[PDB]
Amino acid sequence: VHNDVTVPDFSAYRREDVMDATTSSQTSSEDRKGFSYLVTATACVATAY
Amino acid sequence: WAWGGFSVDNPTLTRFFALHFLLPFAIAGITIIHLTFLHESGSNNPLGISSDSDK
Amino acid sequence: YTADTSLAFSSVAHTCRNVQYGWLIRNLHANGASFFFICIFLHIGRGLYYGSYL
Amino acid sequence: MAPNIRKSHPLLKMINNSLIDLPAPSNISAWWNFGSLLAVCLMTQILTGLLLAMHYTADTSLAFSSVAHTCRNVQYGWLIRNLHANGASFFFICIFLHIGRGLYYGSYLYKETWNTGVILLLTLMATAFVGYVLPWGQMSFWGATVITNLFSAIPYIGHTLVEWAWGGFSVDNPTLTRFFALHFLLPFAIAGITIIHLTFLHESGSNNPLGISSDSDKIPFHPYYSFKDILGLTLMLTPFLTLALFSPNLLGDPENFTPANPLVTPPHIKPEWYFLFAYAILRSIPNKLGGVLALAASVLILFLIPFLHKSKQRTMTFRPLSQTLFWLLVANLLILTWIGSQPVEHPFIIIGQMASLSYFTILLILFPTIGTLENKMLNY
Amino acid sequence: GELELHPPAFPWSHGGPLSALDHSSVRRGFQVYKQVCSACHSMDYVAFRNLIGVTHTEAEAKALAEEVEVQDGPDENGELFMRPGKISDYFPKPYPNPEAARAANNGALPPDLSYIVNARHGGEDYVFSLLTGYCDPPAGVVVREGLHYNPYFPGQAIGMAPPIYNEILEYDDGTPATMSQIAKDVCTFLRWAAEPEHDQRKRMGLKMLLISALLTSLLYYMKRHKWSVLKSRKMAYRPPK
Amino acid sequence: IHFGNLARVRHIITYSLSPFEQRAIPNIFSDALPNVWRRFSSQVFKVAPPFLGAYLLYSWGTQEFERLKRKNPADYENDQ
Amino acid sequence: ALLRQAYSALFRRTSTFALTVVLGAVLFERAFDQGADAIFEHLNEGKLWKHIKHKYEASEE
Amino acid sequence: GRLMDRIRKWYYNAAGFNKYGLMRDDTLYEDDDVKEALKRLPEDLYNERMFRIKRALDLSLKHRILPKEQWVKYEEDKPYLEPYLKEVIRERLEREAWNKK
Ligand code: HEC
Ligand code: HEM
Ligand code: HEM
Ligand code: HEM
Ligand SMILES: CCCCCCCCO[C@@H]1O[C@H](CO)[C@@H](O)[C@H](O)[C@H]1O
C-alpha cells in the first residue's frame with residue numbers, strides 16, 4: 001500500500017546547501033539557480049562573440 | 001557590397017551565377033511548403049462555396 | 001557556361017554554336033522563363049478573382 | 001483548433017515532432033551524435049561552398065588561379081577555403097563513425113533508413129570526388145584522369161560511357177565545367193535525401209546500445225538530446241578547427257599546389273584519404289575489370305549487411321565474439337587505407353590482397369557464421 | 001621503390017603553432033629573391049602592394065615597383081608599350097613563356113616560386129637543405145652534362161646551378177650575408193609568399209582554442225545539469241504481490 | 001502522436017530531483033573514475049588486440065620495404 | 001552575495017537575461033580581443049611589422 | 001563429459017547481459033515471432049520483464065551495472081519466453097507449410 005512507500009535518500013547527490021533536512025531550502029535557492037544560470041548566461045556570451 | 005566592387009564587373013557575374021544556380025532550388029523547396037499549407041484546406045472552387053458535398 | 005566577363009558572352013555563343021542541341025536547350029531555357037511568368041501571372045490572377053488569397 | 005501552436009501549426013508541428021517532443025530512448029550514447037553532426041556538417045559545406053563558388057571560375061585557364069586569387073584577395077577567402085576543404089574530411093570522418101555505429105548496433109535492421117543511408121554515402125562520394133577536381137591542380141587533374149578512365153574496362157559500352165562523361169577525349173575544360181555543375185548540384189540532393197533518411201527513421205524511432213525495446217523509458221529529444229548534440233558539436237568542432245587552423249594542409253597532397261599539366265604524370269597518383277581503402281581493394285585484383293567490380297562491391301556490400309544478420313540479438317553489446325570480429329574489421333580497414341597510400345610493390349602488394357580478402361570474408365562469411373555459433377552457445 | 005634523402009627539421013622561428021614569421025628575416029628574403037632568384041624564377045601571385053605593412057613601407061613599395069617597367073596597352077593606335085610599375089603590379093616574369101625559359105636554362109624550367117614551400121614535401125626544410133646542400137657525386141654516380149649534383153633533389157641531378165654563395169649580395173640591414181643566412185632568410189620569405197595569412201591564421205587559432213575551451217566546459221556543465229534529473233533517478237518495482 | 005501509445009507499463013515507481021537540488025558532476029572519485037576504469041578494463045582485450053596486431057604489420061611492412069631498398073654487398077664481392 | 005544578486009537582477013527576468021547576454025558580450029569582446037592580441041604579440045616580440053616599423057617609418061633617405 | 005556445459009556457462013558469463021540484471025530471453029530481438037510470443041506471456045511475467053528491461057536501460061544511460069551480488073547466475077536464468085516462442089514458431093511453420101500444399 002502507498003503508505004509503505006518512501007522517497008529514497010538523495011544525500012549522495014544533493015547540493016551542499018540542501019543537504020540538511022531541517023534547513024529551509026528556499027534561502028539557498030537564489031544561489032543555486034543564480035550559479036547555473038550564470039554558467040548558461042556565459043555560454044551565450046561566448047557563443048555570441 | 002552586392003556588386004563586390006565599384007561597378008558591375010566580374011565579381012558580380014560570378015556571384016550572380018552562383019545565386020542563379022541556387023535560387024531555383026529554394027523555389028522547389030518552398031513550393032513544397034506552398035502545397036503543404038494548401039492541402040490543409042484543399043482547393044477552392046469557382047462558385048466559392050463548400051465543395052465537400054462533391055469531391 | 002563560364003562565369004567570367006572575358007568568357008561569359010562567348011561561352012553562351014559557343015554553346016549554341018557547337019554543343020549538340022545547345023541552341024535548342026538555350027532557347028527552351030530562355031523562352032521557358034517567360035512561359036514561367038505568363039503562367040505565374042495567371043495563377044495569381046486566378047487567385048485574386050476567386051478569393052483564393054483567403 | 002488545439003491548445004498550443006507548436007502542435008497545431010502545419011509547420012511547427014513538423015519541427016516539433018522531430019526536434020522537440022520526439023521520443024528518444026534514454027540510453028543512447030555518444031555514438032548517436034553523428035547523425036546531427038553529419039547534418040550540421042552538411043549545412044556547413046553548402047555555406048562555405050557557396051561562398052567559394054561566388055569567386056570561382058570553371059575554366060582550365062582560370063580555375064587554379066581563381067582559387068588562388070580567392071585565398072589571396074578575398075577577405076577571409078583563405079579561411080573559407082580551408083574550412084570548406086578540411087570540412088570535407090570532417091564529413092567523412094563522421095560518416096565513417098556513423099556507419100560503424102550502425103553496424104555494431106544492428107541499426108541496419110531498419111532497412112529503409114539504412115538503404116537511404118548507403119545512398120547518402122554514395123552521393124557524398126561523387127560529390128567530394130568532383131569537388132576535388134575544381135582547383136585544377138596536378139593531383140586534381142591526374143586523379144580525375146585515372147579514376148574516371150576506370151570505367152573503360154566495362155565491356156562494350158566502356159569507352160563510350162567515359163568519353164561521354166569527359167565531354168571529349170580526355171579530362172579537359174568540358175569536364176571541369178560539368179563537374180563544377182555536378183558539385184554544386186549533388187549537395188542539395190544530399191539534403192533532400194537526408195529528409196527521407198530521417199523520415200524512415202522516425203517510423204521506428206532510434207535504436208539503442210542494449211538493443212532491446214526502449215518504449216518503457218523514452219525521453220523528449222529536447223533538452224536531453226538537443227543539449228547532448230550541441231555538446232558533441234563543440235567536442236568535435238575543436239579538433240576540426242585546431243587542424244584547419246594550425247596544420248591546414250596536414251591532409252592534402254602538396255602535388256596540388258602545381259597547376260595541372262598534361263605532360264607530367266605525378267609519381268604516385270592516389271585519391272583522397274577517405275577513398276584509399278577502396279583504391280586499395282582496387283589494386284588487389286590484377287585485372288582491370290575484376291578490380292573495378294571489387295571496388296564497386298567494397299561499398300555496395302553495405303546493401304547486404306541486413307541480410308547477413310544471423311544473431312538472435314540486435315547489437316553486439318552482449319556478443320563478445322562478434323565484437324573482436326568487429327574491431328578486427330575496423331583494423332582491417334585501417335590497413336587497407338594504409339596500403340592504398342603506399343606504392344605497388346612488395347611487401348605492400350601482398351598485404352593488400354590479404355587485407356582485401358579478409359575484408360570480404362569477415363562481412364560475407366565470418367560475421368554471419370560467428371553469429372550462428374553465438375546463438376548455439378546461448379542455447380538458442 | 002628508389003633511394004632518396006629526406007631533409008632535416010630546422011627550428012624555424014615560425015614553426016610554433018603560436019609563433020609568427022620574423023618579418024625582418026622575411027624582408028631580407030624578399031631582397032634575396034629580388035636580387036638573385038627573380039632572375040629565373042617567376043612569382044606570379046605576389047604584388048608589390050602585398051609588401052606594404054609586412055616588410056616595407058608604402059613608400060619603399062611604391063619605389064620598388066617603379067624600378068621595373070611593365071607592359072600595358074594597347075594605346076590609341078593599338079600598340080603595346082612600357083611604363084614604370086605601380087604597387088598594383090605583380091612581380092615581373094623573367095621570361096615571356098616557358099619555352100623561352102627552358103631555352104635559357106638548358107631545357108630546364110625554373111618553376112614559379114609562389115607556392116613552392118607547399119608544393120614540395122618538406123617546404124622550407126627541404127628548400128633550405130637543397131640550396132645549401134650541393135656537393136660532388138659519390139662513387140659510381142655520373143651527372144650528365146648540364147646538370148649539377150644535389151643529393152637532396154630527387155634523382156640527384158638538378159638543372160639549377162648552386163644559386164647562392166657567401167656575400168653574393170649585401171643585406172642593407174647590416175647582416176652577415178653568409179650562404180646559410182641567405183638560404184634561411186629566403187626560405188622564410190618563401191613561406192610568407194606561399195601564405196600571407198600565416199600570422200593572422202595563427203593569431204586566430206589562439207582565439208579559437210581559448211573560446212573553444214571556454215565554450216566546451218560551459219556546455220558540458222549545462223549538459224550535465226539537465227541530465228542530472230536522469231543520472232540520479234531511482235526506481236522500484238511495487239506489484240500488489 | 002508517439003507519447004501515449006508506446007507501452008503497457010505497470011507498477012514502476014521512479015524518483016528524481018530538480019536539477020537545482022543536485023550536483024552536475026557528483027562523486028567524481030567515489031563513483032565516476034572507478035567506473036571509467038571499470039569500463040576501460042572490460043574492453044581493452046577486445047579492441048586493443050587487433051589494433052596492436054595492425055601496428056605490427058605496419059611496422060614490419062614499412063621496415064621491410066626500406067630494407068629491400070638497401071644494397072646487399074653479396075652482389076659485388078667478386079667485381080674486381 | 002553576487003550569485004543571489006545576479007540571479008535576482010540579471011537571470012530571473014528573461015528580458016534582463018537577454019540584456020545581460022548582449023552587454024555581457026559587448027564587454028567580453030572588447031576584453032577578450034585586447035587580451036589575446038596582447039598575448040599573441042608578447043609571444044612574438046620583435047618579429048611583427050608593428051615592432052620593426054620604426055626603422056623605416058621616418059628614419060630613412 | 002561437460003564440455004558443452006563449460007562452454008555455455010562461459011559464453012553466458014562472457015556475454016554479460018546478466019550484469020544488467022537481464023535474462024537470456026530479455027535480450028531477444030523483437031522480430032515478428034518474439035512479438036507474438038510476448039503477447040502470450042501471463043501478466044505477472046510480462047510486468048516483471050518490463051521492469052527488468054527498463055532497469056537495464058536506466059543502468060545503460062547511467063553507465064553503471066548492478067553490484068556483483070545481484071548478477072543473474074547462469075543456473076538461475078529463467079527461460080520464461082522460450083516455451084511460448086517455440087509454439088509460436090511451430091504454429092507458423094504449420095501455416096506456412098499448409099498454405100503451400
Ligand atoms: C639561373 C636561373 C636560376 C636561378 C638564378 C635560381 N634558380 Fe632555382 N631553379 C632553376 C632551374 C633550372 C630549376 C629547375 C631544375 C630542374 O627541374 O631540373 C630551378 C629549380 C628550383 C627549385 C626546386 C625544383 C624542384 O623540383 O624541387 C627551387 C625550390 C629553386 N630553384 C629555388 C631557387 C631559389 C630560392 C633561388 C634564388 C636563391 C633560385 N632558385 C635561383 C634556375 C634558377
Ligand atoms: C513557384 C510558383 C508556384 C507554384 C509552382 C505554385 C503551385 C501551386 C499549385 C500546384 C497549386 C494547386 C493547383 C492550383 O490551384 O493551381 C497552387 C495553388 C495556389 N497557389 Fe500557387 N504556386 C506558385 C505560386 C503562387 C503565387 C505567386 C501565388 C499567389 C501570391 C500562389 C497562390 C496560390 C493559392 C492561393 C492557391 C490556391 C488555389 C485555389 O484557390 O484553390 N501560388 N499553387
Ligand atoms: C548525409 C549523411 C547522413 C546524414 C546527415 C544522416 C543523419 C542521420 C541522423 C540525423 C540520424 C539520427 C541520429 C543518429 O542516430 O545518429 C541517423 C540515423 C541513422 N542513420 Fe544516418 N545519416 C547519414 C548517413 C548514413 C549512412 C551512410 C548510413 C549507413 C549506410 C546511415 C544510417 C543510419 C541508421 C541505421 C540510423 C539509425 C540509428 C540507430 O541505430 O538508432 N546514415 N542518420
Ligand atoms: C556536400 C558538401 C561538399 C563536399 C563534401 C565538398 C567537397 C569539396 C572538396 C573536397 C573540394 C576540393 C577542396 C580543395 O582541396 O581545394 C571542394 C571544392 C569546392 N567546392 Fe565543395 N564540397 C561540398 C559542397 C559544395 C557546395 C554546395 C558548393 C557550392 C554550391 C561547393 C563549391 C565548391 C567550390 C567552388 C570549390 C572550389 C574551390 C576550392 O577548391 O576551394 N562545394 N568541395
Ligand atoms: C568555437 C568558436 C570559435 C570562434 C572564435 C572566434 C575567433 C575569430 O576571431 C577573429 O580573430 C582575428 C585575429 O585578431 C581578427 O582579425 C578577426 O577579425 C576576428 O573575427
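Per the header of the entry, the method used was X-ray crystallography, 3.2 Å.
Any Cβ shown, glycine's included, is placed from N, Cα and C.
Residues or ranges marked as transmembrane segment in Swiss-Prot (evidence: experimental evidence): D:34-54 (among others). Within the chain, the transmembrane segment (D:34-54) has long-range Cβ neighbours (under 8 A, six or more residues past its boundaries) at 67, 70, 77, 80-81, 83-84, 87-88, 90-91, 94-95, 97-98, 101, 184, 187-188, 190-191, 194, 229, 232-233, 236.
Per Swiss-Prot, the feature transmembrane segment maps to D:78-99 (among others).
Taking a C-beta cut-off of under 8 angstroms and a sequence separation of 6 or more, D:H183 (heme b b562 binding site) has the following same-chain neighbours: D:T127, D:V130, D:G131, D:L134. According to DSSP, D:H183 (heme b b562 binding site) sits within a helical segment. Under the heading heme b b562 binding site, Swiss-Prot lists D:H84, D:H183, citing experimental evidence as support.
For D:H98 (heme b b566 binding site), the same-chain residues 6+ apart in sequence whose C-beta sits under 8 angstroms from its C-beta are D:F34, D:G35, D:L38, D:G117. The heme b b566 binding site annotation in Swiss-Prot covers D:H98, D:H197 and rests on experimental evidence.
Residues or ranges marked as transmembrane segment by Swiss-Prot: D:114-134 (among others).
According to Swiss-Prot, the transmembrane segment annotation covers D:179-199 (among others), on the basis of experimental evidence.
Feature annotation from Swiss-Prot assigns ubiquinone binding site to D:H202. When Cβ atoms from all protein chains are considered, those within 10 Å of D:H202 (ubiquinone binding site) total 15, not counting its own.
Summarising the annotation, Swiss-Prot assigns transmembrane segment to D:227-247 (among others).
According to Swiss-Prot, the feature transmembrane segment maps to D:289-309 (among others), an assignment based on experimental evidence. Non-local neighbours of the transmembrane segment (D:289-309) in the same chain are 99, 103, 106, 108-109, 111, 114-115, 118, 121-122, 125, 150-151, 153-155, 277-279, 281-283, 356, 359-360, 363-364, 367-368, 371; each lies 6+ residues outside the stretch with a CB under 8 Å from one of its CB atoms.
Residues 100, 103-104, 270, 273, 275-281, 283, 311, 348, 351-352, 355-356, 358-359, 362-363, 366-367, 370-371, 373-374 of the same chain lie 6 or more positions beyond the ends of the transmembrane segment (D:321-341) yet place their CB under 8 Å from a CB of it. The annotation transmembrane segment is assigned in Swiss-Prot to D:321-341 (among others) on the grounds of experimental evidence.
The feature transmembrane segment is assigned by Swiss-Prot to D:348-368 (among others), with experimental evidence given as support. Cβ atoms under 8 Å from those of the transmembrane segment (D:348-368) belong to residues 280-281, 283-285, 294, 297-298, 301, 304-305, 308-310, 322, 325, 328-329, 332-333, 335-336, 339, 342 of the same chain, restricted to positions at least 6 beyond its ends.
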*Going through D:78-99, D:179-199, D:227-247 one by one, which has the most CB pairs that fall under 8 Å from the transmembrane segment (D:114-134)?*
D:179-199
*Give the distance between the Cα atoms of D:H197 (heme b b566 binding site) and D:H84 (heme b b562 binding site), rounded to the nearest whole Å.*
24
*Could you tell me which of the binding-site residues D:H84, D:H98, D:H202 have their C-beta within a distance under 6 angstroms of some atom of ligand 3?*
D:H98
*Measuring Cα to Cα, how many angstrom lie between D:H84 (heme b b562 binding site) and D:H202 (ubiquinone binding site)?*
31
